[PDB]
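Enquirer: Below you'll find target-v8.txt; it's compact mmCIF, C-alpha atoms.
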```txt
# COMPACT_ATOMS: atom_id res chain seq x y z
CA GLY A 1 181.07 167.24 53.56
CA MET A 2 184.73 166.49 54.12
CA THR A 3 185.85 169.56 52.13
CA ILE A 4 184.50 171.78 54.90
CA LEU A 5 187.82 171.43 56.74
CA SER A 6 189.62 172.95 53.76
CA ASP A 7 186.99 175.71 53.55
CA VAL A 8 187.67 176.54 57.20
CA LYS A 9 191.43 176.64 56.52
CA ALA A 10 190.68 179.22 53.81
CA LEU A 11 188.92 181.33 56.46
CA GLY A 12 192.12 181.14 58.50
CA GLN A 13 191.24 178.58 61.19
CA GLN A 14 192.94 175.27 61.86
CA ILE A 15 190.88 172.36 63.17
CA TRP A 16 192.69 170.00 65.53
CA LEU A 17 191.52 166.69 66.98
CA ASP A 18 190.98 166.76 70.75
CA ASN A 19 191.80 163.09 71.25
CA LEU A 20 194.78 160.76 71.05
CA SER A 21 195.33 157.04 71.41
CA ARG A 22 197.86 154.39 70.44
CA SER A 23 195.42 152.83 67.95
CA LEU A 24 194.52 156.17 66.38
CA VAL A 25 198.14 156.47 65.27
CA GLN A 26 198.99 152.80 64.70
CA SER A 27 195.93 152.12 62.56
CA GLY A 28 196.89 154.87 60.12
CA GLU A 29 193.75 156.85 60.99
CA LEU A 30 195.61 159.94 62.20
CA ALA A 31 197.71 160.08 59.03
CA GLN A 32 194.61 159.92 56.85
CA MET A 33 193.10 162.72 58.93
CA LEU A 34 196.22 164.86 58.40
CA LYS A 35 195.39 164.48 54.52
CA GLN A 36 191.73 165.29 54.94
CA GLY A 37 192.27 168.65 56.65
CA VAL A 38 192.87 167.91 60.37
CA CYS A 39 195.86 170.08 61.38
CA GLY A 40 196.91 168.93 64.85
CA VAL A 41 196.13 166.99 68.03
CA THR A 42 195.52 167.90 71.67
CA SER A 43 195.55 165.61 74.68
CA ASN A 44 194.92 166.02 78.41
CA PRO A 45 194.74 163.69 81.41
CA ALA A 46 191.07 162.83 80.87
CA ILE A 47 191.79 161.93 77.24
CA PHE A 48 194.60 159.62 78.29
CA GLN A 49 192.53 158.08 81.10
CA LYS A 50 189.86 157.07 78.60
CA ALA A 51 192.38 155.91 75.97
CA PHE A 52 194.42 153.79 78.38
CA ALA A 53 191.24 152.19 79.74
CA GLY A 54 189.64 151.47 76.37
CA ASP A 55 192.35 150.97 73.72
CA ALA A 56 193.43 147.32 73.54
CA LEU A 57 196.90 148.20 72.22
CA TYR A 58 197.99 149.47 75.66
CA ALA A 59 197.64 146.08 77.37
CA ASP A 60 200.96 144.70 76.15
CA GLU A 61 202.69 148.03 76.85
CA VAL A 62 201.41 148.05 80.44
CA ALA A 63 202.50 144.43 80.97
CA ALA A 64 205.98 145.29 79.66
CA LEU A 65 206.27 148.33 81.91
CA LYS A 66 205.14 146.41 85.00
CA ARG A 67 208.27 144.24 84.58
CA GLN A 68 210.38 147.35 85.26
CA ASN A 69 211.12 149.30 88.44
CA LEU A 70 209.13 152.39 87.54
CA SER A 71 206.63 154.58 89.36
CA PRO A 72 203.05 154.66 88.06
CA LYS A 73 203.73 158.21 86.84
CA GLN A 74 206.76 157.10 84.84
CA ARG A 75 204.76 154.20 83.38
CA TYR A 76 202.09 156.71 82.31
CA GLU A 77 204.70 159.09 80.87
CA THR A 78 206.44 156.35 78.91
CA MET A 79 203.09 155.45 77.31
CA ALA A 80 201.96 159.04 76.73
CA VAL A 81 205.31 160.27 75.40
CA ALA A 82 205.43 157.34 72.95
CA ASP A 83 201.93 158.18 71.69
CA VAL A 84 202.81 161.86 71.34
CA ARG A 85 206.08 161.16 69.56
CA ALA A 86 204.30 158.83 67.12
CA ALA A 87 201.59 161.40 66.46
CA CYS A 88 204.24 164.09 65.97
CA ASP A 89 205.88 161.93 63.31
CA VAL A 90 202.51 161.58 61.56
CA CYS A 91 201.99 165.37 61.66
CA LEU A 92 205.54 166.36 60.76
CA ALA A 93 205.00 166.73 57.01
CA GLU A 94 202.10 169.09 57.65
CA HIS A 95 204.11 171.08 60.20
CA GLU A 96 207.15 171.42 57.94
CA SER A 97 204.97 172.36 54.94
CA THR A 98 203.81 175.57 56.64
CA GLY A 99 207.16 176.56 58.13
CA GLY A 100 206.19 175.22 61.52
CA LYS A 101 202.81 176.95 61.88
CA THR A 102 200.58 173.86 61.96
CA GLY A 103 200.71 170.16 62.76
CA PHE A 104 201.29 170.36 66.50
CA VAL A 105 200.64 167.71 69.13
CA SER A 106 200.12 168.81 72.75
CA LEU A 107 201.05 166.95 75.99
CA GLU A 108 200.02 168.34 79.39
CA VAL A 109 202.24 168.50 82.47
CA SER A 110 201.08 166.86 85.71
CA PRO A 111 198.10 168.70 87.25
CA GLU A 112 199.79 168.69 90.68
CA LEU A 113 202.36 171.20 89.35
CA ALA A 114 199.77 173.82 88.35
CA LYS A 115 200.63 176.30 91.15
CA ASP A 116 204.42 175.56 91.09
CA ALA A 117 206.13 177.67 88.43
CA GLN A 118 209.62 176.22 88.85
CA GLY A 119 208.36 172.64 88.92
CA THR A 120 206.23 173.32 85.85
CA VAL A 121 209.26 174.69 84.00
CA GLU A 122 211.33 171.65 84.99
CA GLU A 123 208.70 169.15 83.86
CA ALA A 124 207.93 171.02 80.64
CA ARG A 125 211.62 171.18 79.68
CA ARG A 126 211.96 167.49 80.49
CA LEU A 127 208.90 166.43 78.49
CA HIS A 128 209.89 168.63 75.54
CA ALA A 129 213.26 166.86 75.51
CA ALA A 130 211.71 163.43 76.00
CA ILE A 131 209.33 163.82 73.07
CA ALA A 132 212.22 165.21 71.00
CA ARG A 133 210.06 166.60 68.20
CA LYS A 134 209.91 170.12 66.83
CA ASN A 135 206.10 169.97 66.51
CA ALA A 136 205.32 169.08 70.12
CA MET A 137 203.65 171.63 72.40
CA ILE A 138 203.74 171.34 76.15
CA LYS A 139 200.35 172.09 77.68
CA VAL A 140 200.45 174.22 80.84
CA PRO A 141 197.39 175.47 82.79
CA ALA A 142 196.97 179.25 82.78
CA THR A 143 197.24 179.80 86.51
CA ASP A 144 199.41 182.68 87.67
CA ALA A 145 202.24 180.15 88.11
CA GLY A 146 201.60 178.84 84.60
CA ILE A 147 201.96 182.36 83.17
CA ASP A 148 205.24 182.71 85.08
CA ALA A 149 206.36 179.40 83.57
CA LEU A 150 205.21 180.46 80.09
CA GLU A 151 207.59 183.40 80.02
CA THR A 152 210.51 181.19 81.00
CA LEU A 153 209.60 178.38 78.60
CA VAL A 154 209.25 180.84 75.70
CA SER A 155 212.61 182.38 76.55
CA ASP A 156 213.98 178.82 76.37
CA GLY A 157 212.53 178.39 72.85
CA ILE A 158 209.80 175.90 73.81
CA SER A 159 206.35 175.98 72.19
CA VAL A 160 203.49 175.99 74.68
CA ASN A 161 199.72 175.40 74.74
CA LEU A 162 198.45 177.50 77.65
CA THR A 163 195.24 175.73 78.68
CA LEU A 164 192.22 176.19 80.99
CA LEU A 165 191.74 179.86 80.09
CA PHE A 166 188.29 181.22 80.89
CA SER A 167 189.19 184.89 81.47
CA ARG A 168 189.96 187.73 79.09
CA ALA A 169 192.12 189.36 81.76
CA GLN A 170 194.21 186.25 82.32
CA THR A 171 194.55 185.81 78.56
CA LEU A 172 195.99 189.32 78.23
CA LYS A 173 198.41 188.53 81.06
CA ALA A 174 199.52 185.49 79.06
CA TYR A 175 200.15 187.59 75.96
CA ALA A 176 202.30 189.97 78.05
CA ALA A 177 204.37 187.11 79.47
CA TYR A 178 204.83 185.67 75.99
CA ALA A 179 206.03 189.01 74.68
CA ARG A 180 208.52 189.32 77.57
CA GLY A 181 209.96 185.91 76.73
CA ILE A 182 210.20 186.79 73.03
CA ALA A 183 211.86 190.13 73.80
CA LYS A 184 214.42 188.37 76.01
CA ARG A 185 215.36 186.03 73.17
CA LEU A 186 215.63 188.81 70.62
CA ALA A 187 217.83 190.80 73.00
CA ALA A 188 220.11 187.75 73.30
CA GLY A 189 220.27 187.29 69.52
CA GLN A 190 218.34 184.01 69.68
CA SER A 191 215.82 182.75 67.15
CA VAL A 192 212.09 183.17 67.71
CA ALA A 193 210.55 182.24 64.36
CA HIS A 194 209.76 178.62 65.35
CA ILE A 195 208.27 179.38 68.76
CA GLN A 196 204.50 178.92 68.65
CA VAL A 197 202.07 179.46 71.52
CA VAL A 198 198.30 178.90 71.65
CA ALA A 199 195.95 180.25 74.33
CA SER A 200 193.28 177.56 74.80
CA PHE A 201 190.11 179.32 75.85
CA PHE A 202 187.45 176.88 77.04
CA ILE A 203 183.91 177.29 75.71
CA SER A 204 181.22 174.84 76.79
CA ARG A 205 181.96 174.98 80.51
CA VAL A 206 180.90 178.62 80.73
CA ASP A 207 177.45 177.87 79.35
CA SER A 208 177.16 174.72 81.48
CA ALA A 209 177.83 176.83 84.58
CA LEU A 210 175.35 179.61 83.86
CA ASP A 211 172.52 178.54 81.57
CA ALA A 212 170.14 177.01 84.12
CA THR A 213 169.76 180.38 85.88
CA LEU A 214 170.03 182.78 82.94
CA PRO A 215 167.12 184.61 81.32
CA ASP A 216 165.88 183.13 78.07
CA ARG A 217 167.57 185.59 75.69
CA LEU A 218 170.98 184.75 77.18
CA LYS A 219 170.90 180.95 77.48
CA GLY A 220 173.60 179.43 75.31
CA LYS A 221 175.15 182.79 74.44
CA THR A 222 177.68 183.72 77.14
CA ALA A 223 180.59 181.49 76.12
CA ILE A 224 180.43 182.61 72.48
CA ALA A 225 180.16 186.27 73.53
CA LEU A 226 183.22 185.89 75.77
CA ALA A 227 185.18 184.28 72.94
CA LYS A 228 184.20 186.99 70.46
CA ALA A 229 185.33 189.65 72.92
CA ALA A 230 188.56 187.78 73.57
CA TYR A 231 189.25 187.78 69.84
CA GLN A 232 188.73 191.55 69.68
CA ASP A 233 191.19 191.88 72.59
CA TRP A 234 193.61 189.70 70.61
CA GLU A 235 193.40 191.88 67.49
CA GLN A 236 194.12 194.96 69.57
CA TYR A 237 197.02 193.49 71.54
CA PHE A 238 198.89 191.96 68.61
CA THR A 239 198.48 194.86 66.20
CA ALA A 240 199.70 197.46 68.70
CA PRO A 241 203.12 199.02 68.01
CA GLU A 242 204.73 197.17 70.92
CA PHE A 243 204.07 193.74 69.46
CA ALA A 244 204.47 194.90 65.85
CA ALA A 245 208.09 195.72 66.72
CA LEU A 246 208.58 192.08 67.75
CA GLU A 247 206.70 190.59 64.79
CA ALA A 248 208.90 192.69 62.47
CA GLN A 249 211.88 190.77 63.92
CA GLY A 250 210.26 187.35 63.34
CA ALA A 251 208.05 186.82 66.40
CA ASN A 252 204.82 184.87 65.89
CA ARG A 253 201.56 186.04 67.39
CA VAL A 254 199.98 183.84 70.02
CA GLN A 255 196.83 182.32 68.54
CA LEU A 256 193.55 181.81 70.35
CA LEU A 257 192.42 178.19 70.41
CA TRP A 258 188.83 177.24 71.19
CA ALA A 259 188.65 174.12 73.36
CA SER A 260 185.79 172.37 75.14
CA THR A 261 183.84 172.89 71.91
CA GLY A 262 181.76 169.73 72.14
CA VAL A 263 178.17 170.73 72.84
CA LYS A 264 177.04 169.42 76.23
CA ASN A 265 173.46 170.69 76.26
CA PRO A 266 171.12 168.72 73.96
CA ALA A 267 168.99 171.87 73.55
CA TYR A 268 171.73 173.39 71.31
CA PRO A 269 172.84 172.25 67.83
CA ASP A 270 175.84 169.95 68.02
CA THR A 271 177.93 172.20 65.75
CA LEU A 272 177.15 175.43 67.67
CA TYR A 273 180.60 176.17 69.00
CA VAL A 274 182.54 175.25 65.85
CA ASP A 275 180.15 177.06 63.51
CA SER A 276 180.08 180.22 65.68
CA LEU A 277 183.80 180.79 66.33
CA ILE A 278 185.51 180.70 62.91
CA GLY A 279 187.97 183.55 62.36
CA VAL A 280 191.42 184.17 60.95
CA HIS A 281 194.51 183.11 62.90
CA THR A 282 192.69 180.83 65.34
CA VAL A 283 192.43 177.13 66.13
CA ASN A 284 189.52 174.99 67.28
CA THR A 285 190.26 171.62 68.86
CA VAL A 286 187.26 169.33 68.62
CA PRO A 287 186.32 165.93 70.03
CA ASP A 288 185.74 163.17 67.50
CA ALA A 289 181.95 163.29 67.62
CA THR A 290 181.93 167.05 67.06
CA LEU A 291 184.38 166.77 64.14
CA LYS A 292 182.07 164.29 62.45
CA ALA A 293 178.98 166.44 63.12
CA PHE A 294 180.79 169.44 61.65
CA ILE A 295 181.75 167.45 58.55
CA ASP A 296 178.20 166.16 58.19
CA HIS A 297 176.27 169.39 58.65
CA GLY A 298 178.50 172.21 59.86
CA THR A 299 178.84 175.55 58.08
CA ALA A 300 182.09 177.31 57.10
CA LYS A 301 181.58 181.07 57.50
CA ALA A 302 183.64 183.80 59.19
CA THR A 303 181.35 184.06 62.21
CA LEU A 304 183.82 184.93 64.98
CA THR A 305 183.88 188.65 64.24
CA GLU A 306 180.19 188.99 63.30
CA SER A 307 177.95 191.06 65.57
CA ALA A 308 180.63 192.00 68.08
CA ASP A 309 178.32 194.74 69.33
CA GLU A 310 175.74 192.17 70.41
CA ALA A 311 178.47 190.19 72.17
CA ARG A 312 179.35 193.33 74.14
CA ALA A 313 175.70 194.00 75.01
CA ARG A 314 175.27 190.41 76.22
CA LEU A 315 178.33 190.59 78.44
CA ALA A 316 177.00 193.88 79.84
CA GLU A 317 173.73 192.13 80.69
CA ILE A 318 175.60 189.22 82.32
CA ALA A 319 177.31 191.79 84.54
CA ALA A 320 173.95 193.51 85.21
CA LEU A 321 172.60 190.15 86.49
CA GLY A 322 175.47 189.98 88.97
CA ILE A 323 177.53 187.33 87.19
CA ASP A 324 181.20 188.31 87.51
CA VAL A 325 182.88 186.50 84.62
CA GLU A 326 186.31 186.92 86.26
CA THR A 327 185.13 185.15 89.44
CA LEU A 328 183.49 182.48 87.28
CA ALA A 329 186.71 182.02 85.30
CA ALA A 330 188.74 181.38 88.44
CA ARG A 331 186.18 178.86 89.67
CA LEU A 332 186.06 177.07 86.30
CA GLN A 333 189.86 176.87 86.14
CA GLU A 334 189.93 175.49 89.70
CA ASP A 335 187.24 172.95 88.86
CA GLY A 336 188.98 171.93 85.64
CA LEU A 337 192.25 171.33 87.48
CA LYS A 338 190.44 169.22 90.07
CA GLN A 339 188.78 167.18 87.33
CA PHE A 340 192.07 166.64 85.48
CA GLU A 341 193.78 165.53 88.73
CA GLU A 342 190.91 163.11 89.37
CA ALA A 343 191.30 161.65 85.88
CA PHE A 344 195.06 161.43 86.37
CA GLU A 345 194.69 159.56 89.68
CA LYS A 346 192.20 157.20 88.01
CA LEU A 347 194.61 156.40 85.19
CA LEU A 348 197.56 155.85 87.54
CA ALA A 349 195.77 153.26 89.68
CA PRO A 350 195.92 150.41 87.09
CA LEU A 351 199.63 151.20 86.55
CA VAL A 352 200.65 150.41 90.14
```
How does this structure look as structure tokens?
Expert:
Amino acid sequence: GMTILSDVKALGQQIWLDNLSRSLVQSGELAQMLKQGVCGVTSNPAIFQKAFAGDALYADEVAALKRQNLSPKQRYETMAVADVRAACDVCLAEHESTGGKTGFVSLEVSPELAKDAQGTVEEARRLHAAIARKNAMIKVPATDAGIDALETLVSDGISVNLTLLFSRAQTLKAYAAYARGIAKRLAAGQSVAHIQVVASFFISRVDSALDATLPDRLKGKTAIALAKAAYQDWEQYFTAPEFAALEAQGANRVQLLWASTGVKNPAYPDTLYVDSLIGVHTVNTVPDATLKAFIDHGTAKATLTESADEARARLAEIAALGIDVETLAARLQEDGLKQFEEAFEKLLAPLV
């Protein structure tokens, strides 16, 4: 039932909606969600492509913007920034109620900037200023250039959603860059208490990549095992004396965020990823259909840290089979960037 979202909050996990549209906000639906336990919103270029194509409230906005001398990209940004700013206003009461720990809305930079650290910094600073809300997160892919940009953006006081993570190694590199940016600010006497960063670790795409060729006892298990091991890495990193010295001065931990948590294989229960990854100080961003399946028949239990030993044994067997999860992660990040660029090109074409 609907109270499950509150039960999950009590276990220490926020549930965000992985969708955004002009009608979602304008209808009042998002506000009602932010009363019934939803704690934030994520977007990406595929989400906007589908919203712009299907939501009737964009038609008049597009017609208005076509009367102006703007590039397709700027037409897109005007639309997307307006949606994000409106959603941020809806979520602001939630965000302020927790001291800025919840109630975020994420907007992703252009996929073409993913390997360009300086360009990513420039666009993220610009979008942060354009949205002009304290609860907006700029979403940046976790390429090496994105991790470069993360350190700079954090040192500038900007909250970031580092996305398209599939690798435990790259996640640890992100934590290190975050800490460097925090340390820089503390050394300069600047505030850090309202800087929040999430590390969005993608789930379903790992199983989609591997399951057809895995042995029976491993089908549908690798992505959850990776996430459970990532969370153990997180506990270790953030409790170590190095980070404790920063947290003592007001620094916030990065939080792991499970994304791509819609189940894509009909052989698995539709609530598998949500049900299996609940742990303290995490987020799960879910598509609409998965949110309503979880409300209908999900289970709120602290599953993320259960049976870590079996997660380790499974990952050892994946390696024994010759699957290198670091090579896979790079490929999945590459593929995800290509797919986001394809969606972005598809949404720009009607805006010409």
Enquirer: Quick one: of A:146, A:336, A:100, A:1, who's nearest to residue A:177, counting only C-alpha atoms?
Expert: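 The shortest atom-to-atom distance to residue A:177 comes from A:146.
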Enquirer: Please identify all polymer residues lying at most 10 Å from the point (171.5, 176.6, 73.4) (file coordinates), using all atoms listed in the file, and present the result as a list in words.
Expert: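 Those residues, ordered by chain and then number, are residues 207, 211, 216, 218, 219, 220, 221, 263, 264, 265, 266, 267, 268, 269, 270 and 272 of chain A.
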Enquirer: For residue A:31, list every protein, DNA or RNA residue within 12 Å, evaluated using only C-alpha atoms, and leave out those in the same chain fewer than 2 positions away; present the list as a ChimeraX atom specification.
Expert: /A:23-29,33-41,86-94,103
Enquirer: Please identify all polymer residues within 8 Å of stretch 284-286 of chain A, counting only C-alpha atoms, omitting same-chain residues fewer than 4 positions from it, and present them as number ranges by chain.
Expert: A: 13-18, 41-42, 257-262, 274, 290-291
Enquirer: Counting all atoms listed in the file, select every polymer residue within 12 Å of (194.9, 149.2, 76.6) as defined in the file's coordinates, and provide the selection as a PyMOL selection string.
Expert: chain A and resi 21-23+48-63+76+79+347+350-351
Enquirer: What is the atom CA of residue A:154-atom CA of residue A:20 distance in Å, reported with one decimal?
Expert: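 Going from atom CA of residue A:154 over to atom CA of residue A:20, I get 25.2 Å.
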Enquirer: State, in Å with one decimal place, the distance from atom CA of residue A:150 to atom CA of residue A:178.
Expert: 6.6 Å
Enquirer: Would you mind reading off the distance between atom CA of residue A:252 and atom CA of residue A:273, one decimal, in Å?
Expert: 25.9 Å
Enquirer: Leaving out residue A:153 and any residue of its chain fewer than 6 positions from it, which residues lie within 9 Å of it when counting all atoms listed in the file, given as JSON, numbers by chain?
Expert: {"A": [121, 124, 125, 159, 160, 181]}
Enquirer: So which residues touch residue A:235 within 12 Å, counting all atoms listed in the file, skipping near sequence neighbours fewer than 3 positions away, as an NGL selection string?
Expert: :A and (172 or 175 or 228-232 or 238-240 or 243-244 or 253-256 or 279-282 or 305)
Enquirer: May I have the residues within 9 Å of residue A:344 as number ranges by chain, using all atoms listed in the file and disregarding those fewer than 3 positions away in the same chain?
Expert: A: 45-46, 48-49, 110-111, 339-341, 347-349
Enquirer: When distances are computed from all atoms listed in the file, which of A:65, A:215, A:127, A:115 shows the smallest separation from residue A:84?
Expert: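 The closest residue to residue A:84 is A:127.
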